[PDB]
Amino acid sequence: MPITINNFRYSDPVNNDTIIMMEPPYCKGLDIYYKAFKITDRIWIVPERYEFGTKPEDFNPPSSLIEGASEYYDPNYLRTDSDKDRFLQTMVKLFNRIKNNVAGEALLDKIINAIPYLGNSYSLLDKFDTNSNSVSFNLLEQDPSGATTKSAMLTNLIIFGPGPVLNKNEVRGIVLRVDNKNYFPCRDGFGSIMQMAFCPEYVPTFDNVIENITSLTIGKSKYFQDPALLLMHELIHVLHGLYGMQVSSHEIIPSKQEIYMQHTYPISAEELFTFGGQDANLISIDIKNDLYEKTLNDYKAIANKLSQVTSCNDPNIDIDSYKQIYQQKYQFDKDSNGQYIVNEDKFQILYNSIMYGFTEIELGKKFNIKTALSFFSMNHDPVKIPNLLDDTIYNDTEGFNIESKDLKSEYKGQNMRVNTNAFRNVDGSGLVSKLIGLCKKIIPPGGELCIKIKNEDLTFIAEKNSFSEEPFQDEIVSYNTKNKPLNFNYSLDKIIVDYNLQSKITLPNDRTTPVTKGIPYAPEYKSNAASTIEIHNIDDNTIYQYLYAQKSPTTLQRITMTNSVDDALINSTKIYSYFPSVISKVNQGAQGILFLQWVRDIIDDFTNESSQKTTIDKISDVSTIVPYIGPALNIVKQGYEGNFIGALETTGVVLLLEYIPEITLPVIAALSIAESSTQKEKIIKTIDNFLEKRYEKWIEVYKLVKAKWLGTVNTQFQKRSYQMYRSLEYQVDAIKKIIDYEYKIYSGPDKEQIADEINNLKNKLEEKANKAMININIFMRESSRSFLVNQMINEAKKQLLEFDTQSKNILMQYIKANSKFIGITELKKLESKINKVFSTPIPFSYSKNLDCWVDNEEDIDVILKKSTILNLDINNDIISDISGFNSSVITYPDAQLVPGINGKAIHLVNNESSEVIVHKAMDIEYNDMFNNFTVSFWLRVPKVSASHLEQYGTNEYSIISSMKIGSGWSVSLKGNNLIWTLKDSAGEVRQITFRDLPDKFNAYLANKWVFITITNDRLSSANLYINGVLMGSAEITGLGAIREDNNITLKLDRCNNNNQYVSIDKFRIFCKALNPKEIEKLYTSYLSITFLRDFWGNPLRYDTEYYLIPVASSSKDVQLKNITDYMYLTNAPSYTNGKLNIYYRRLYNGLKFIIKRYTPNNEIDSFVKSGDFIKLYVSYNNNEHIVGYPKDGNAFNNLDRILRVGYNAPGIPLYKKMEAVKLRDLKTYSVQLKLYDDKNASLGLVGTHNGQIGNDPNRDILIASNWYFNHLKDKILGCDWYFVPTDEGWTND
Ligand SMILES: CC(=O)N[C@H]1[C@H](O[C@@H]2[C@H](O[C@]3(C(=O)O)C[C@H](O)[C@@H](NC(C)=O)[C@H]([C@H](O)[C@H](O)CO)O3)[C@@H](O)[C@H](O[C@H]3[C@H](O)[C@@H](O)[C@H](O)O[C@@H]3CO)O[C@@H]2CO)O[C@H](CO)[C@H](O)[C@@H]1O[C@@H]1O[C@H](CO)[C@H](O)[C@H](O)[C@H]1O
Ligand SMILES: [Zn+2]
């Protein structure tokens, strides 16, 4: 099953197998050859520049660009044999990187097996034709004689070095010249040789600014991209091309009229599907049906075409071999006559796998590589990665993000501020960008002031012509018209599951007859070179002057801040600012006495000013408004100067846009019926088809508006955040340059003492600028949402309501015409359901679908998924919402991460910095107010000591709360009592108080991971569950509206004990009250079997001391009789406390055991996986002694074998090979242990047998026996063990 990646040096000799002299497709018949290397089955590498259709002068750096982002040019790259070996070795390493993750392994398998069709639309119908440069390349071989032989070879991919532009990779199918037109076999189902132009050293950079998630220690920074993910991105284009599904229509063209509009190439639908995520919805659902149908016809043509084949130009080609291979590729079936036919069910699964399965984003997650969030996310200058072949910089299992160097966490290996060894800045000579000029008329104190703006800083505004209007035209319902799908998507996880099951299919030999037919026509290189700049002339100051005014000079000079934008543009020493408080304190030349106070007062003013939030009652679905956006960017209405909040009350969120798009829609034509010939059966079907196509209009039109929003509205709100981030950074850079000047002027005694606290206050500026961006991103995210949900979607609804009433006339006149046929009973019943349907509008969804019912009981996993509105997961030390609604999450400096039930968990200590905040998305803002809901999470709290129950036993502290004013819900603790509280608008209160059990070894709030679930039914009661079992209940009826805080806060609040902590994992909210059967499935979903677990519920680890306790006899510890002798059970001591109502068996007595790997490899993991072979040691007198059974040693009933600690009799072998497993009892944190001999025979599971050895007393002695294997379904069993390590959260009293 594993795919083989070949190794070679460029200097290795030609062998006519893995190393050849290739004549590439666009050189066919010219007898020009290049050394080529077979990286794997059907993939070649040619270390040469992609020079096809070019001239030498195209490779030099031009003066400017016509379109797009920055481009790096270097004609000397990949010239020498040395350069070529370097290129070859880097590619091999990147292919090995891809192979070593199963996601990437599945991608490579699809590409290899998706062989092109031996033929195309203009080839012979009865024949397979290998005589085309679309499918085959020639190659020159030698004999021992020295004479040569022209053969040919079939292939899927050929990888070349980069063309002129080094940082823009390309994938292209071979083009054929037919009737003086370009024909692409990679576009109508057949496929072809795909040619890639690739360069691994030069990569794009992106940043962190817009992201919903935010850490305050990470902050905002730039990142560079992993070459392996860039390679995989292009391999997705190769995959589409090979199945012949390359999309080349319905492009998104940028408008380029105004200054603010970005100049790019048209964005293909190909690119958007490959990148994935939300921006694949720029293509509206109707266009996806067009593309699906196109490919369905193309494949049907091939199924017909393949059937006619009885010959081939190559005599050696076995015709029947290829037929079964193409049947497999295309998922064709056979009719009983013997012809190939398209099964449409099997087609839909194949089509979605290719177009919507592999995407950059989804691969990024599987590989732990950081990606951009949107396609329109800002690119910066590319960087160079000149040490990919150093394993200390980039390895073939983690890339840059290596765990042993602490660079996996928070994707720090890609972070340009942290990992400064891994990159170098690109040389200035070869880098070129599109700049536009902007000149303004100014009065002398020559004629003008001109600035240059970068194309990357401009905004993308989509053309109106780029979006469909097919949902507005006439649509004819009939009997035989079909249902269209409204979901085009496919799971990468499913693709992996499919890849793991599918049986191997060997391909035929890829050597074939020579290529003589055709003429090579290489497409000419479309140059992006330019000689001049576009200059714009506007007399008013735009946003671009307002940002340029905030720039500081690069010189160690005194600076001042002003509120006059025209002054700051002229004077080099002056800077624009929009914080009045900050402007005063910095401009006054600092005080000689109390200099530290002056610097301290700068920070207080910057904090007060930059942190300002507000709301507007008339804009009810925007939680956060930042007032200073107007003064900073010059977004202002006339007669509202210095009053941005009034300007927003009057105009609405549309004030923030730089281009107002037309939101009015044409009339949606009513549904028409063409069904004259009618039986009674065919009428009822035509009524059902009429209702379905009516439903499909609402969804089609909704998704059309969303597409338009994404390309024309959302892109404008996105840039405003970058413009604010740039602005806030300009202000921080200035204030620091003021302090740097005034520090060097300052003359006092303690200058050297306070030095580091001055640098400590300069750091606090960037902290408060990042906290400001949290509000600004919430403002732009929710404004952009409000314009979609309200303004734009109301236009769709207006036309859709009119579409309903017009189509109801047409439906009930068709009913009138054929009303007679079973009237009395069905005509009345059929009319009743129609009036129910058409009266109800269909709701618009901005994110996931609010479905909190789900067809009575469809399926418990589906019910749980569908009803989820919040779900916190922790990936690579980042906490985020994965539910679908994508609520913003804020992680504060001292929120800590610890081992969890399946990954890592949140850990909260008792100070104000230890905090996690979820700002609820607007879609789920008020779902708690009147409706049912459920909250679930794993909890772990330490055993409260006898002292702290006396001190802090009456202190109630909350740990999770939505409460303001004070209304909401909260989870709180008080001594050993768990408390759920529910409080409404009018001050009504309902609580559940759960008294924990006195036996702390069996208690829920005594240092163990336990699963909490709290349901809330408004028409009855709220129920508290722990591990799926009901523990408490309280009545919720007679309770009004609940009006929460917009943030759900995870924090220790009003807790007096400064040493208190808790741990919370998998925090989740559902929009309904779960029943016990739904809870049980939720509880057990988290209990995996991959990793074993300790007594506390955390992952069991190697090289860690553990005390053993048998589950069946939990009041017993393990003791040694003597070294080299047996182990046995003893009564463990205990602690009782009458007045405080607590007691427990004392921990940490008995033998210390240690687990080690039986066959140590070079792993980073210290986690014990189920099935791992292990060696068990006892740690006695700080020495390690092996546990095992000696050959023919003492044993009860000849079958229960007595274990021996550190046995070493000279001759006799000791069997010590053990296997750690989890065979039973999934809810308990126990593990079993199987013993083996030298020949791999089971000596049994480890447990105990009652008896006697010598004249010792009667003891439960430790043994190994196969007896247990016939008893694994018993409720209690003697082979289950707790592994108990010492923990901060349990000390004996
Ligand atoms: C109760 C007991 O002594 N169990 C130990 C067992 O002893 C054997 C006989 O018990 C069974 C059993 O219950 O497992 C009886 C079944 O009918 C047998 N089933 C079959 C053949 O299909 C099994 C089976 O033979 C074995 O498991 C082999 O794999 O054994 C037990 O009744 C018998 O006792 C008397 C007998 O009553 C009488 O004729 C006369 O007095 O002689 C016998 C011995 O005094 O003895 C059988 C063998 O000695 O043997 C197994 C061997 O692995 C265990 O030792 C088992 O004790 C369990 O051991 C566990 C871990 O080692 C753990 O300590 C449990 O708590 C013990 O019950
Ligand atoms: Zn692409």
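Read the numbers this way: they start at 1 and go in the same order the structure lists the ligands and their atoms. Counting from 1, the numbers follow the sequence of the chain as shown. Only this structure's heavy atoms are used, side chains among them; waters, hydrogens and symmetry mates stay out.
The shortest separation from a heavy atom of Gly1247 to ligand 1 is not under 4.0 Å, leaving the residue out of contact. The closest approach between any non-hydrogen atom of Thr1248 and ligand 1 is below 4.0 Å.
Under the 4.0 Å distance rule, the nearest protein heavy atom to atom 41 (O) of ligand 1 falls outside the cut-off. Note that atom 64 (O) of ligand 1 has protein non-hydrogen atoms nearby, at separations under 4.0 angstrom. Protein heavy atoms are absent from the 4.0 Å sphere centred on atom 25 (O) of ligand 1. Protein heavy atoms are found less than 4.0 angstrom from atom 59 (O) of ligand 1. Atom 19 (N) of ligand 1 is never approached by the protein to below 4.0 angstrom, counting heavy atoms only. There is no protein heavy atom less than 4.0 angstrom from atom 33 (C) of ligand 1. The presence of a protein heavy atom under 4.0 Å from atom 56 (C) of ligand 1 is confirmed. Checking atom 36 (C) of ligand 1 against the protein gives no heavy-atom contact under 4.0 Å.
The residue from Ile1263, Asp1200, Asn1198 that puts a heavy atom closest to atom 54 (C) of ligand 1 is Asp1200. Looking at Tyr1268, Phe1269, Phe1196, it is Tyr1268 that brings a heavy atom closest to atom 61 (C) of ligand 1.
For the residue pair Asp226 and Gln414, no side-chain donor N or O sits within less than 3.5 Å of a side-chain acceptor on the partner. Judged by distance alone, the side chains of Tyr183 and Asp188 do bring a donor and an acceptor atom under 3.5 Å apart. Looking only at atom types and distance, the side chain of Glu201 has a donor-acceptor partner in the side chain of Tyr77 under 3.5 Å away.
Under the 4.0 Å criterion applied to side-chain N and carboxylate O atoms, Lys434 and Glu71 are not assigned as salt-bridge partners.
In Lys384, the NZ atom is not crowded: 12 or fewer heavy atoms of neighbouring residues, nucleotides or ligands sit closer than 6.0 Å.
Side chains of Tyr265 and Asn528 form a contact here, defined as non-hydrogen atoms less than 4.5 Å apart.
Considering only non-hydrogen protein atoms, atom 66 (O) of ligand 1 sits nearest to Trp1267 CH2, 4.8 Å. Protein heavy atom closest to atom 7 (O) of ligand 1, with residue, atom name and distance, is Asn1197 ND2, 4.1 Å. Remark: minimum distance from atom 29 (O) of ligand 1 to any protein heavy atom is reached at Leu1199 CD1, 4.2 Å.
At least one donor-acceptor pair under 3.5 Å links the side chain of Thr274 to the backbone N or O of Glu270.
The residue from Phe59, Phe160, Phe198 that alone fulfils the ring pair (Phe, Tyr, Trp, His ring centres under 6.0 Å) condition with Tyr50 is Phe160. Between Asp1260 and the options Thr1130, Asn1250, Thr1248, a side chain to side chain donor-acceptor pair (under 3.5 Å) holds for only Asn1250.
The distance between the ring centers of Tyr72 and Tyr202 falls below 6.0 angstrom. Within the 6.0 Å centre-distance limit, the rings of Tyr394 and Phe400 are counted as a close aromatic pair.
Listed by number with element, the atoms of ligand 1 under 4.0 angstrom from any heavy atom of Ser1265 are 53 (O).
Considering both main-chain and side-chain atoms, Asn1250 never comes within under 3.5 Å of ligand 1 through any nitrogen or oxygen pair. Checked against a 3.5 angstrom limit, the closest N/O atoms of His1249 and ligand 1 fall inside it.
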